[PDB]
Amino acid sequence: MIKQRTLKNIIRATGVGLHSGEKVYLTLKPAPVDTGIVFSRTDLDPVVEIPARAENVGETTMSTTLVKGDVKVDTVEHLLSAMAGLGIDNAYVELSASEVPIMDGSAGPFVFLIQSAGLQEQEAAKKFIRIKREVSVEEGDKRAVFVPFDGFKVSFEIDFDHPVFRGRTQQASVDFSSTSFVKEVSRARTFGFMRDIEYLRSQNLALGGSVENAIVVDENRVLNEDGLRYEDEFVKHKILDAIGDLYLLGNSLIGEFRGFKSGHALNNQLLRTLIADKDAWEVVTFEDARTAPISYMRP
């Protein structure tokens, strides 16, 4: 069968919150079958757990924030993108502060840390949500949709009227049967604009942001001295963000997601509409990993 996965070993990392600028210690720990991904604020006494489920998303301004009352875990989406990409079902994520560390602004450091510690296959079938019917949410000129697809594919379009985006790829499709999440999505970095930073900092956003963890765009150029990792890095990062936001479903998807200028808010609205629309999906398992329409890397 396709088996549930957790970590083989405890993983530790240090960094700072993109939005808070706060130093934070991150610990990834194995968890039992059917735990899901559960975040834990170990700086609080008592410790507070918040499961990484759509119902616990409380703010979607410029990241996906898990909230339980006054307790927040901000910017979960890059780490959840890495776990979706590697097929991690079950993990405890301990944080000493209210925000996941940004690392280099991508999922690269997370996929590296997880594959270094290794994956553990668990003796329980991995459960997928298979899309049986179209489910779409729109708001103004933004759209997010699921459609039936025998596999997992993401299509995304952005549309920035900024000179740095002019002539540059603003649409991409990634079929995970034919493309590596690690090689083609994980290393795409968060990007920000100089023209925004004064307003964003007034909102306690991007307080930890710099060229060390973000692509910074000025009037007519990328400021990062080493430039882009991909010509299409911006749209590849929105695909990374979508895979992380959509992993708050709690299970991997069998279907296609298309995003049209959609961000954390509409992605979460699409999850909530899908969960309510039970005739549009079913849970499926695969008794033979070799015959399944999706494959994960050897653990």
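Basically, rigid core = biggest C-alpha set you can superpose within 1.5 Å across the two forms. Numbers for residues come from their place in the sequence shown, where the first is 1.
For the pair 171-179 and 132-140, greater average C-alpha departure from the shown form in 9 other deposited structures of this protein after core alignment is found in 171-179.
Of the two segments 200-208 and 106-114, the one whose CA positions lie farther from the displayed form in 9 other deposited structures of this protein, once all are superposed on the rigid core, is 200-208.
Of the two segments, 236-244 and 250-258, the one listed with the higher mean B-factor is 250-258 (C-alpha atoms only). For the two regions 158-166 and 132-140, the entry's Cα B-factors average higher over 158-166. Between the residues 190, 75, 116, 186, the entry's highest C-alpha temperature factor is the one at 116. Highest C-alpha temperature factor among 90, 177, 81, 106, as the PDB entry reports it: 177. Ranked by C-alpha B-factor against the other modelled residues of its chain, residue 69 falls in the highest third.
Annotation for residue 59: C-alpha temperature factor in the highest third relative to the rest of the modelled chain, per the entry. Residue 11 sits in the highest third of its chain by CA B factor, as recorded in the PDB entry. In the PDB entry, a CA B factor belonging to the middle third of its chain's modelled residues is recorded for residue 42. Per the PDB record, residue ranking by Cα B-factor puts residue 35 in the highest third of the chain.
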